[PDB]
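Data first, discussion second: the structure below is written as structure tokens.
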Protein chains: 2
Amino acid sequence: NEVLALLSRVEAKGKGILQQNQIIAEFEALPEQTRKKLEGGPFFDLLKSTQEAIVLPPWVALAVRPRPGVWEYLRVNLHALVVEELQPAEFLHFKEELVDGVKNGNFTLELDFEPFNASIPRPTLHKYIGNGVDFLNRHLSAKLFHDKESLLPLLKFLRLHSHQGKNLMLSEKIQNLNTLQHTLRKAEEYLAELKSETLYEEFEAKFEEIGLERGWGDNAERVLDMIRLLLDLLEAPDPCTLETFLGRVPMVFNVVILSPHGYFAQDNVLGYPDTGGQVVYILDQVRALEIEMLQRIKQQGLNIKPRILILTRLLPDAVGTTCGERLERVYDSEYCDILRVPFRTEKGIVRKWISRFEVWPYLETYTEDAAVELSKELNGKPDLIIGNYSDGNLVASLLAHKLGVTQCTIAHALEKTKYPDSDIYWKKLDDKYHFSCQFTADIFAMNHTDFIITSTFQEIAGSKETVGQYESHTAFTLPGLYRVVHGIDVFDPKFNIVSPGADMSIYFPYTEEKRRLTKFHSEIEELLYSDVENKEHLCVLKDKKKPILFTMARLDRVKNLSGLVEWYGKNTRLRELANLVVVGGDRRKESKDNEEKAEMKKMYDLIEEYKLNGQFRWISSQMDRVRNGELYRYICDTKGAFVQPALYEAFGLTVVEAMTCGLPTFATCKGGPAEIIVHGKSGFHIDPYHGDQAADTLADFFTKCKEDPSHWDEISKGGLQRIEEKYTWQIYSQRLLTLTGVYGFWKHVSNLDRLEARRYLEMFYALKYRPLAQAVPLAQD
Amino acid sequence: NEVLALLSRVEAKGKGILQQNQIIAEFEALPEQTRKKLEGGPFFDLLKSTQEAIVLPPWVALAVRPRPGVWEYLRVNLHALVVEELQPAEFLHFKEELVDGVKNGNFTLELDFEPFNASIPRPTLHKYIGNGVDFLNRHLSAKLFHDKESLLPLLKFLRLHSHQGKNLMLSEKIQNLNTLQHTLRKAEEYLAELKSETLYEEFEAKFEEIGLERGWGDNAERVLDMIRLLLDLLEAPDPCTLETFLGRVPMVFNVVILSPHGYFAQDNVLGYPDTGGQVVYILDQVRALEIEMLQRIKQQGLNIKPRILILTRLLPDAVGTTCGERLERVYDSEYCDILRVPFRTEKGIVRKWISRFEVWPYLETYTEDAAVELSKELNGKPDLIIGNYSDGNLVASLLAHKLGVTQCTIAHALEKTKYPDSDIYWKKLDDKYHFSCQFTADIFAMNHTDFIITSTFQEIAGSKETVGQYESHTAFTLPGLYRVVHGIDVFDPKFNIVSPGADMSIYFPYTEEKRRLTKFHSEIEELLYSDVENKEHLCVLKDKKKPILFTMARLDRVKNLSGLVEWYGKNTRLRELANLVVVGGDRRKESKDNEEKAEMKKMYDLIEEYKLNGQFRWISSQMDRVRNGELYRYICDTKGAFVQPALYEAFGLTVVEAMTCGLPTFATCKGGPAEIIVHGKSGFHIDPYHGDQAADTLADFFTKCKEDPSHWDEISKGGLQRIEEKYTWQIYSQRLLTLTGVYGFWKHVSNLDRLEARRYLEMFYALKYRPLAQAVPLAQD
Ligand SMILES: O=c1ccn([C@@H]2O[C@H](COP(=O)(O)OP(=O)(O)O)[C@@H](O)[C@H]2O)c(=O)[nH]1
Ligand SMILES: O=c1ccn([C@@H]2O[C@H](COP(=O)(O)OP(=O)(O)O)[C@@H](O)[C@H]2O)c(=O)[nH]1
Ligand SMILES: OC[C@H]1O[C@](O)(CO)[C@@H](O)[C@@H]1O
Ligand SMILES: OC[C@H]1O[C@](O)(CO)[C@@H](O)[C@@H]1O
Ligand SMILES: [K+]
Ligand SMILES: [K+]
């Protein structure tokens, strides 16, 4: 039935040479098409699952995505019956012709990691995506099972393992699997007799004689389980045993965390350009980590003092902050300090703030300087290094290589998905965003790291219909620069989902009166309802009694708050029902950020266009997380709602924050919030691409709530539960330390294979990143 | 021996901060020392093994080389007993301080090809150096023994094997080892009965039925063996069988040879800048190669017509030459042609000759055009591509990648060894020699190719005392650019020694009278003995009856012709015994080559300084090999000798030519001739660094020869027999075709592992070569 397909195919051409997302790809052609559809059936499934379609004059190329992480590419003749299967490289040719007019010159670069990763087989099952350690535990457990040469790495590992000159686990006396096998048995025999609560100090003398150093446990009971797990691993390995053992071995003492860009600090920062959830995440992370690290250290019978350092930039000139000081104790922790190192060039240190899109030329020297400073601060080298975002992941990768430390990376966001078609359109965007530097770093850190943590499944593989954040890096091209044929694989065993949370001392249900912070109510009321218009707040709320539609975020284009303002301004029904309150941007000072400055001008116009005075309150950056918690709960009092209208949102901590306070939430369906919220149950999804619908959806909510105030309560509970089940810090740390254990061991078992990748990556950094990063215009004081 | 040892490092550290050379390094120290020479204990064995030593005040660094192919680097304390073993990369660190003042930026590029070669085990035996095919054969032979998943590749090979639309060996009717085994057997039984000389045509009908296509042999006998061999590979694989069979499969039909630089032609060229033994080598090669290819095509029952294309630059302004015509038939061949393609830019084609040192920016476009052209010339694609020197090897790799063809490289020289310390001092030599480009190319091709051909062992691994040419590329560094930690390995199984020869119809014993070409006597006698001084010959021989000390070569610095002249001018004894005749440089025209110009001036000066007139004849480039053959024979008549005083000579075809004609040779001990000649037996060695001794050795020889004439004859015979045994063209062809067969099959079996190394190279060409070559300033017409 070709008379039909050609209908759709001639639909596509009318659009002309260009990119088409499934948004349009199906939208225009299938539904906006005449009843000639009469389709269902085959080719509807195919078209529906098509992720994007590249239209050039004679042909349309289709990237088809049947299942998450499964792709096939196709060229079809616009007017013709012909359909040919494209290879990934071939499809990317198309994209390139669309822009340069020409596919990349024959000997232009193809990045291919596929042949490197081939060391260990790939899972094909949806169930292991974001579960990679489970896959690895099972593969190690098999490789280890009765293989002499296979067990040795474990022995050597334990035998060399030490911290600060104090030997741990096994001593130099155990040279082979028999001696070890023997000692473990003698030790189990001895220990099996003594009382459960017997301290390690009692039998310590005996152990040292037979070659057993500290770290097996604090008391006899614990030590015995350890030694049994090990006998079991030498004997009949199984995944749970392997994981349990490797996780329990004391390893992580000194931790190094990289977060160079933005103003990273504990006060007077959140809401400035580049300063946001990542900062909030890390501060919550180390506190939890330190608590867990102490616990384990003790349980294993050790007195070691842990140290966690957060490496960021020293910013001499940002007044009102502590960003100027080299060392800062993290609030509410004993062992976590922030360690600030300055950017510099031959001419000396660079004072001024620099956008995260511009920091590339400063990162290498930063790595050098950082290694020195943490060397001054740490006693013994780092046992774990975690990279954060692009710059951090970059720096974290260089250090991990330099010092030989187990590496983890966390994206926190991936710009290629926040800025659609920014890969194929990279060149027109470069003077401004330098995405050629950043995509390079991303691709680099991504394959350079030992493991990767994501906050959600969708961050890796997306959903059934839409592609993941990482998955979108599998095949792309930057025409004129290079072409990534396989840059990452959603099925990679290194991906682990470990979900964060909000700090339950700061954020809790609005309904616990005892804990409500009333001392903030005077300020909050002035902040919302006052009649004064100034750099802190603009316009004025006429009716103090309505529900409040609330939002808070950095002000940049993707966050798309100006968009919400418009949706709101246009909808008379929604303006009638509720007041709009938007926290974003800091109007106290001159904005040095491109998008934010731009975004502020829109905001000012929108205020005039829709005559927003009386329904709208535009608040500047709210920098105190403690008062912020109260603010949310106050929105709760008005029986209002939180809305997150981002064009794309990588994770969305504020979504978690509101749900946690019991504030019903409407979040963008693009990115992480799609996973966080179960629509109808834990809150509602809205599409930033249809805003008027978004507004009407909200109007519907406030109307239902008016007629039935219990509707409100339903979602508030739905949300609260979702958070209890899904996003909380208690479990996070333990997961992290265990991951660190397993991948740490895997690192040695698999070292021989990863040398080819080691050197490929080295060359990529040296001959691609460095040149690009050096071409970036330097900040001038 | 703590007393003695302290005493050497003592004298060493006085020399200052500089390069320690072995000859230099040991010379001063041990011999300029005392009876402390009682060091004939262990420490001395390590000193003479030292290849070079880096001098920096606190430490000295030593590269030690116990056996060829085995290096260990170490640093002891300038004043101390401390000796600490160095990683190769740390030794190279040392070398980098000496120049730039500090090491290479911490994150600047290290090339390591080691982990990319691991697909197969390294031979550790001196016996296997240059013998790699023998080694690769025993690996295949073993991997091929009763591993089904192993044998399939051989079947796929024979099944897919075809040429020019005609199907060869196995048909598509054979889908598996089972029916293959069945058919072959069925074929054996039948053929075993027929008369030996029965033509394939007779039993062809039957064969086509059972799945057997042409190529097994011309008669029943030959088909019988070929089939029996294959049956054997399926049953009990052994190296002799594996090789013998893979060599028999008709394979090489179309051959592409790359030689872009120089004036490449059959006349009016030899002696011009860059135009030399490579050109002479290649013409002899294709002629020989064509005879074998026809022979092999006939024997396997095929009628295919071969094609050999020699690809070089088209030079439209080189007059007197054929260098401006796109296609030229090679002398004395049916199927070999020179194919010339022009260099060009956006601006159009580039007419003027460019030094081989400057060709780099044009080579990539050369490849594209070349491909288009050799495509028009060839029926089907290349079955083999052979690269030559640096530019040729660079182009040959790009082509083999683009076309998917078996690749072989032949160095012909490696400049890094011709220009001492040109790697470490590369920066100041670069605006002139562009060695950053070249060395990059050299390493790129060296690893990129399937197999490598060398003319001698020394070219690869050197000698026990001295380092080999490729071997010197194993670890080196170019401060500020990159560091090669492992660039090549002398034991790599891809190395193969196949020695060239002289064309026996041009060069032969001076004592076969019927053959002497006497029609050349008048011209030659004028050349040597006339009293006319002009651009053809300078100065004058006063005495026509003295023996002639003879040399012929391109005129450049490394050839050190000016050196020979000085030595001779200074030595009254030698001047008394013989006349000096030197052919080099073309003074008919104005020289456009740097080194030639510089070298010409030296020559002129030496003429006046040593008042050489009457003892000396300086002859311009002799471009006709035919008469050139006679010129050698004529020197023999005078009972003269050939002398080759190069500072380094990669091979020395003129040494082969001289020995072939009966002319006793004295050749430089640096480079290939060290292997060609057996001192005292087939000729003599002289050390260009001690030239006065060179001059005396010559003097001694002539004196002895005057007292006992039969002394001359001994060497002449030694020289002849030596040539007969080692260097002759007959064997060359077979070996080369067999190599292609074996390396060809291997290409398929080992492809998966080579996939990693394939991308490493691609990125290295792309991000390192391309940018450098583009830095090279273009020629201007
Ligand atoms: O003016 C502001 C804007 C943001 N935030 C905090 O910054 C974080 C933003 O995290 P999210 O992931 O939602 O946004 P992003 O990380 O992209 O900045 C949340 O803790 C907010 O409460 C804040 O305290 N004040
Ligand atoms: O004026 C000259 C100089 C060189 N040759 C020939 O060029 C080749 C030089 O090759 P060789 O390997 O000796 O030195 P290369 O030029 O390759 O460095 C030999 O065949 C010489 O006979 C020549 O015919 N005329
Ligand atoms: O979305 C990317 C941006 O958001 C942050 O979370 C801000 O704290 C960082 O990851 C980055 O600046
Ligand atoms: O260095 C040797 C030089 O001479 C050649 O043999 C050409 O005659 C080339 O290999 C190179 O240009
Ligand atoms: K230990
Ligand atoms: K075939």
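Labeling convention for the structure tokens: chains A, B, ... as they appear, residues from 1 per chain, ligands from 1 in order of appearance.
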
Chain B contacts to chain A at 10 Å (only C-alpha atoms) as JSON, numbers by chain: {"B": [105, 106, 107, 108, 109, 110, 111, 112, 113, 114, 115, 116, 117, 118, 364, 368, 398, 401, 402, 482, 752, 753, 754, 755, 756, 757, 758, 759, 760, 761, 762, 763, 764, 765, 766, 767, 768, 770, 771]}

Long-range neighbours of residue 75 (chain A) as a ChimeraX atom specification, 6 Å cut-off, only C-alpha atoms, 4 positions minimum in chain: /A:60-61,83-84

Selected residues written out with N, CA, C and O atoms, as a PDB file, in the first residue's frame:
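To be explicit, this is the file written out as part-v7.pdb:
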ATOM      1  N   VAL A  60      14.587  11.299   3.348  1.00  0.00           N
ATOM      2  CA  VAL A  60      14.463  11.554   4.773  1.00  0.00           C
ATOM      3  C   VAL A  60      15.195  10.445   5.526  1.00  0.00           C
ATOM      4  O   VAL A  60      15.018   9.257   5.234  1.00  0.00           O
ATOM      5  N   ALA A  61      16.051  10.833   6.466  1.00  0.00           N
ATOM      6  CA  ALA A  61      16.703   9.852   7.320  1.00  0.00           C
ATOM      7  C   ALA A  61      15.937   9.750   8.627  1.00  0.00           C
ATOM      8  O   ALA A  61      15.454  10.753   9.166  1.00  0.00           O
ATOM      9  N   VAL A  83      13.338   1.986   0.860  1.00  0.00           N
ATOM     10  CA  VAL A  83      13.796   2.099   2.243  1.00  0.00           C
ATOM     11  C   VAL A  83      15.090   1.312   2.462  1.00  0.00           C
ATOM     12  O   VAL A  83      15.104   0.086   2.344  1.00  0.00           O
ATOM     13  N   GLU A  84      16.171   2.015   2.793  1.00  0.00           N
ATOM     14  CA  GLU A  84      17.467   1.369   3.016  1.00  0.00           C
ATOM     15  C   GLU A  84      17.936   1.551   4.461  1.00  0.00           C
ATOM     16  O   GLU A  84      17.701   2.600   5.063  1.00  0.00           O
TER      17      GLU A  84
END

All residues having an atom within 9 Å of ligand 3 (only C-alpha atoms and all ligand atoms) as a VMD selection string: chain A and resid 259 261 to 264 270 to 281 355 to 356 388 to 390 411 to 415 418 554 558 to 559 649 to 653

Selected residues written out, N, CA, C and O atoms, as a CSV table (one decimal), in the first residue's frame:
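Contents of the output file again23.csv:
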chain,number,residue,atom,x,y,z
A,259,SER,N,34.1,20.4,42.2
A,259,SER,CA,33.0,21.2,41.7
A,259,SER,C,33.5,22.7,41.5
A,259,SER,O,33.2,23.6,42.2
A,261,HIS,N,33.2,25.3,39.0
A,261,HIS,CA,32.4,26.5,38.5
A,261,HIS,C,31.4,27.0,39.6
A,261,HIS,O,31.1,26.4,40.6
A,262,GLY,N,30.8,28.1,39.2
A,262,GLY,CA,29.8,28.8,40.1
A,262,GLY,C,30.4,29.4,41.4
A,262,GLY,O,31.6,29.3,41.6
A,263,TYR,N,29.6,29.9,42.3
A,263,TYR,CA,30.0,30.3,43.6
A,263,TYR,C,29.6,29.3,44.6
A,263,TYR,O,28.5,29.3,45.1
A,264,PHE,N,30.5,28.4,44.9
A,264,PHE,CA,30.2,27.3,45.8
A,264,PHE,C,30.4,27.7,47.2
A,264,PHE,O,31.5,28.0,47.6
A,270,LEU,N,23.2,30.6,46.8
A,270,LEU,CA,22.3,29.8,46.0
A,270,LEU,C,21.4,30.8,45.2
A,270,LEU,O,20.7,31.6,45.7
A,271,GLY,N,21.3,30.6,43.9
A,271,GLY,CA,20.5,31.4,43.0
A,271,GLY,C,21.4,32.3,42.1
A,271,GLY,O,20.9,32.8,41.0
A,272,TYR,N,22.6,32.6,42.4
A,272,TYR,CA,23.5,33.2,41.5
A,272,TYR,C,23.7,32.4,40.3
A,272,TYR,O,23.5,31.2,40.3
A,273,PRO,N,24.2,33.0,39.2
A,273,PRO,CA,24.5,32.2,38.0
A,273,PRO,C,25.3,31.0,38.3
A,273,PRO,O,26.3,31.1,39.0
A,274,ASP,N,25.0,29.8,37.8
A,274,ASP,CA,25.8,28.6,37.9
A,274,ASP,C,25.8,28.0,39.3
A,274,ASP,O,26.5,27.0,39.6
A,275,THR,N,25.0,28.6,40.2
A,275,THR,CA,25.0,28.2,41.6
A,275,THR,C,23.5,27.8,42.0
A,275,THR,O,22.6,28.6,42.1
A,276,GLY,N,23.4,26.5,42.4
A,276,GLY,CA,22.1,25.9,42.3
A,276,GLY,C,22.2,24.5,42.9
A,276,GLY,O,22.9,24.2,43.8
A,277,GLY,N,21.3,23.6,42.4
A,277,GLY,CA,21.2,22.2,42.9
A,277,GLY,C,22.5,21.4,43.1
A,277,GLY,O,22.6,20.6,44.0
A,278,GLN,N,23.5,21.6,42.2
A,278,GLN,CA,24.7,20.8,42.3
A,278,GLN,C,25.3,21.2,43.7
A,278,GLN,O,25.8,20.3,44.4
A,279,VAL,N,25.4,22.4,44.0
A,279,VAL,CA,25.9,22.9,45.3
A,279,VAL,C,25.1,22.2,46.5
A,279,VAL,O,25.6,21.7,47.4
A,280,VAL,N,23.8,22.3,46.3
A,280,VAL,CA,22.9,21.8,47.4
A,280,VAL,C,23.1,20.3,47.5
A,280,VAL,O,23.1,19.7,48.6
A,281,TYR,N,23.2,19.6,46.4
A,281,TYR,CA,23.4,18.2,46.3
A,281,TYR,C,24.7,17.8,47.1
A,281,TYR,O,24.6,17.0,48.1
A,355,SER,N,31.7,32.3,33.8
A,355,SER,CA,30.6,31.4,33.5
A,355,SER,C,31.1,30.0,33.3
A,355,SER,O,32.2,29.8,32.8
A,356,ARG,N,30.3,29.0,33.7
A,356,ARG,CA,30.7,27.6,33.5
A,356,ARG,C,31.0,27.3,32.0
A,356,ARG,O,31.7,26.4,31.7
A,388,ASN,N,32.0,16.3,39.3
A,388,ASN,CA,30.7,16.8,39.2
A,388,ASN,C,30.6,17.8,38.0
A,388,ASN,O,31.4,18.7,37.9
A,389,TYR,N,29.6,17.6,37.2
A,389,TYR,CA,29.3,18.3,35.9
A,389,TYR,C,30.5,18.2,35.0
A,389,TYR,O,31.4,17.4,35.1
A,390,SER,N,30.6,19.1,34.0
A,390,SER,CA,31.6,18.9,33.0
A,390,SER,C,33.0,19.2,33.4
A,390,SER,O,33.9,18.4,33.2
A,411,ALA,N,26.9,13.7,36.4
A,411,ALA,CA,26.7,14.7,35.4
A,411,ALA,C,26.0,16.0,36.0
A,411,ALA,O,26.4,17.1,35.7
A,412,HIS,N,24.9,15.7,36.7
A,412,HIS,CA,24.1,16.8,37.3
A,412,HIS,C,23.3,17.5,36.2
A,412,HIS,O,22.3,18.2,36.5
A,413,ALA,N,23.8,17.4,35.0
A,413,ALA,CA,23.1,17.9,33.8
A,413,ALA,C,24.0,17.6,32.7
A,413,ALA,O,25.2,17.4,32.8
A,414,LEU,N,23.4,17.5,31.5
A,414,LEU,CA,24.2,17.3,30.2
A,414,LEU,C,23.6,18.3,29.2
A,414,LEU,O,22.5,18.2,28.8
A,415,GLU,N,24.5,19.2,28.8
A,415,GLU,CA,24.0,20.4,28.1
A,415,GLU,C,23.4,20.0,26.8
A,415,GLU,O,22.4,20.6,26.3
A,418,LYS,N,19.8,20.0,27.1
A,418,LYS,CA,19.2,21.2,27.6
A,418,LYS,C,19.1,22.1,26.4
A,418,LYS,O,18.1,22.9,26.4
A,554,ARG,N,17.3,29.2,39.6
A,554,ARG,CA,18.3,30.1,38.9
A,554,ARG,C,17.5,30.7,37.7
A,554,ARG,O,16.6,30.0,37.2
A,558,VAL,N,16.8,28.0,29.9
A,558,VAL,CA,16.2,26.7,30.0
A,558,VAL,C,15.2,26.6,31.1
A,558,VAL,O,14.2,25.9,30.9
A,559,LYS,N,15.5,27.2,32.3
A,559,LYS,CA,14.6,27.1,33.4
A,559,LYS,C,13.2,27.7,33.0
A,559,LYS,O,12.2,27.2,33.5
A,649,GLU,N,14.7,19.7,32.3
A,649,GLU,CA,15.2,19.7,33.7
A,649,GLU,C,15.9,18.4,34.0
A,649,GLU,O,15.3,17.3,33.9
A,650,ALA,N,17.2,18.4,34.3
A,650,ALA,CA,18.1,17.2,34.3
A,650,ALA,C,17.6,16.3,35.5
A,650,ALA,O,17.5,15.1,35.3
A,651,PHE,N,17.5,16.9,36.7
A,651,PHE,CA,16.9,16.2,37.8
A,651,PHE,C,15.7,16.9,38.5
A,651,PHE,O,14.6,16.4,38.5
A,652,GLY,N,16.0,18.1,39.0
A,652,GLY,CA,15.0,18.9,39.7
A,652,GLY,C,14.8,18.7,41.2
A,652,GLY,O,13.8,18.3,41.7
A,653,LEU,N,15.9,19.0,42.0
A,653,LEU,CA,15.8,19.1,43.4
A,653,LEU,C,14.6,19.9,44.0
A,653,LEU,O,14.1,19.5,45.1

DSSP-assigned strand (DSSP E or B) members of region 638-716 of chain A, reported as a list in words: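 Restricting region 638-716 of chain A to strand (DSSP E or B) produces residues 641, 642, 643, 644, 649, 665, 666, 667, 668, 671, 679, 683, 684, 685 and 686 of chain A.
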
Write out as a CSV table (one decimal) with N, CA, C and O atoms, in the first residue's frame the residues lying within 8 Å of region 674-683 of chain A, counting only C-alpha atoms and excluding same-chain residues fewer than 2 positions away.
chain,number,residue,atom,x,y,z
A,456,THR,N,18.4,9.4,38.3
A,456,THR,CA,17.2,8.7,37.9
A,456,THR,C,17.5,7.8,36.7
A,456,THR,O,18.6,7.9,36.1
A,457,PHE,N,16.6,6.8,36.5
A,457,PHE,CA,16.7,6.0,35.3
A,457,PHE,C,16.7,6.9,34.0
A,457,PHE,O,17.5,6.6,33.1
A,458,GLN,N,15.8,7.8,33.9
A,458,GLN,CA,15.7,8.6,32.7
A,458,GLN,C,16.9,9.3,32.3
A,458,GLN,O,17.2,9.5,31.1
A,655,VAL,N,11.7,20.1,42.8
A,655,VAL,CA,10.5,19.2,42.7
A,655,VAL,C,10.5,18.3,43.9
A,655,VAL,O,9.5,18.1,44.6
A,656,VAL,N,11.7,17.8,44.3
A,656,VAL,CA,11.8,17.0,45.5
A,656,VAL,C,11.5,17.8,46.7
A,656,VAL,O,10.8,17.4,47.7
A,659,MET,N,7.6,18.5,47.1
A,659,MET,CA,6.9,17.3,47.4
A,659,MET,C,7.1,16.9,48.9
A,659,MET,O,6.2,16.5,49.6
A,664,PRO,N,1.8,20.2,46.6
A,664,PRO,CA,1.4,19.6,45.3
A,664,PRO,C,2.2,20.3,44.2
A,664,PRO,O,2.4,21.5,44.1
A,665,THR,N,2.7,19.4,43.2
A,665,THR,CA,3.6,19.9,42.3
A,665,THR,C,3.3,19.6,40.8
A,665,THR,O,2.8,18.5,40.5
A,666,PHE,N,3.5,20.6,40.0
A,666,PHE,CA,3.4,20.4,38.5
A,666,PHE,C,4.8,20.6,37.9
A,666,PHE,O,5.3,21.8,37.9
A,667,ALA,N,5.4,19.6,37.4
A,667,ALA,CA,6.7,19.7,36.8
A,667,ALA,C,6.8,19.4,35.3
A,667,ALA,O,6.0,18.6,34.8
A,668,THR,N,7.7,20.0,34.7
A,668,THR,CA,8.0,19.8,33.2
A,668,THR,C,8.2,18.3,33.0
A,668,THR,O,8.7,17.5,33.8
A,669,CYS,N,7.6,17.8,31.9
A,669,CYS,CA,7.7,16.4,31.5
A,669,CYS,C,9.1,16.1,30.8
A,669,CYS,O,9.3,15.0,30.4
A,670,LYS,N,9.9,17.1,30.6
A,670,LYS,CA,11.2,17.0,29.9
A,670,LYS,C,12.3,16.8,30.8
A,670,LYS,O,12.8,17.8,31.4
A,671,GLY,N,12.9,15.6,30.9
A,671,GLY,CA,14.0,15.3,31.9
A,671,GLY,C,13.5,14.6,33.2
A,671,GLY,O,12.4,14.0,33.3
A,672,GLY,N,14.4,14.7,34.2
A,672,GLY,CA,14.2,14.0,35.4
A,672,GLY,C,12.8,14.0,36.1
A,672,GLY,O,12.3,13.0,36.6
A,685,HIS,N,2.3,16.2,35.5
A,685,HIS,CA,3.2,16.6,34.5
A,685,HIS,C,2.6,17.6,33.6
A,685,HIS,O,1.4,17.6,33.4
A,715,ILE,N,-3.1,14.8,46.8
A,715,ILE,CA,-1.9,14.9,46.0
A,715,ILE,C,-0.7,15.2,47.0
A,715,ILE,O,0.4,14.6,46.8
A,716,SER,N,-1.0,16.0,48.0
A,716,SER,CA,0.0,16.3,49.0
A,716,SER,C,0.5,15.0,49.7
A,716,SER,O,1.7,14.9,49.9
A,717,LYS,N,-0.4,14.1,50.0
A,717,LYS,CA,0.0,12.9,50.5
A,717,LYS,C,0.7,12.0,49.5
A,717,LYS,O,1.7,11.4,49.8
A,718,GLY,N,0.1,12.0,48.3
A,718,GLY,CA,0.6,11.2,47.2
A,718,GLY,C,2.1,11.6,47.0
A,718,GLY,O,3.0,10.7,46.9
A,719,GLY,N,2.4,12.9,47.1
A,719,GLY,CA,3.7,13.4,46.9
A,719,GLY,C,4.6,12.9,48.0
A,719,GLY,O,5.7,12.4,47.8
A,720,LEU,N,4.2,13.2,49.3
A,720,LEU,CA,5.0,12.8,50.5
A,720,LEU,C,5.4,11.4,50.5
A,720,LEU,O,6.6,11.1,50.9
A,721,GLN,N,4.5,10.5,50.1
A,721,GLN,CA,4.8,9.1,50.0
A,721,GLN,C,5.9,8.8,49.0
A,721,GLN,O,6.8,8.0,49.3
A,722,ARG,N,5.7,9.3,47.8
A,722,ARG,CA,6.6,9.1,46.7
A,722,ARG,C,8.0,9.4,47.1
A,722,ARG,O,9.0,8.7,46.8

Near-region 238-254 of chain B list (6 Å; only C-alpha atoms; drop same-chain fewer than 5 positions) as a PyMOL selection string: chain B and resi 137-138+141+306-308+382-383+738+741-742

Region 421-430 of chain A surroundings by only C-alpha atoms, 9 Å radius, close-in-sequence under 5 positions cut, as a VMD selection string: chain A and resid 19 95 to 96 98 to 99 415 to 416 435 to 437 439 476 to 481

Helix (DSSP H, G or I) residues, from DSSP on the backbone, in region 62-176 of chain A, as an MDAnalysis selection string: chainID A and resid 88:100 114:117 126:128 132:143 148:160

Atom pair CA of residue 282 (chain B) / CA of residue 743 (chain B): separation (Å):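 CA of residue 282 (chain B) sits 21.3 Å away from CA of residue 743 (chain B).
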
10 Å contact set for residue 131 (chain B), only C-alpha atoms, chain neighbours under 5 positions out, as a list in words: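 Residues meeting the cut-off are residues 123, 126, 136, 457, 491, 492, 493, 494, 495, 496, 497 and 498 of chain B.
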
Surrounding residues as an MDAnalysis selection string, ligand 6, max 12 Å, only C-alpha atoms and all ligand atoms: chainID B and resid 154:175 208 211:216 249:251

Polymer residues at most 12 Å from region 2-6 of chain B, only C-alpha atoms, same-chain spacing of 5 or more positions, as a list in words: residues 11, 12, 13, 29, 30, 33, 34, 35, 36, 37, 38, 39, 40, 41, 42, 43, 44, 46, 47, 76, 77, 78, 79, 80, 81, 82 and 83 of chain B

Interatomic distance (Å, one decimal) between atom 7 (O, counted along the ligand's line) of ligand 1 and CA of residue 625 (chain A):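 The value is 8.3 Å.
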
Point-to-point distance from CA of residue 8 (chain B) to CA of residue 68 (chain B), Å rounded to tenths: 25.2 Å
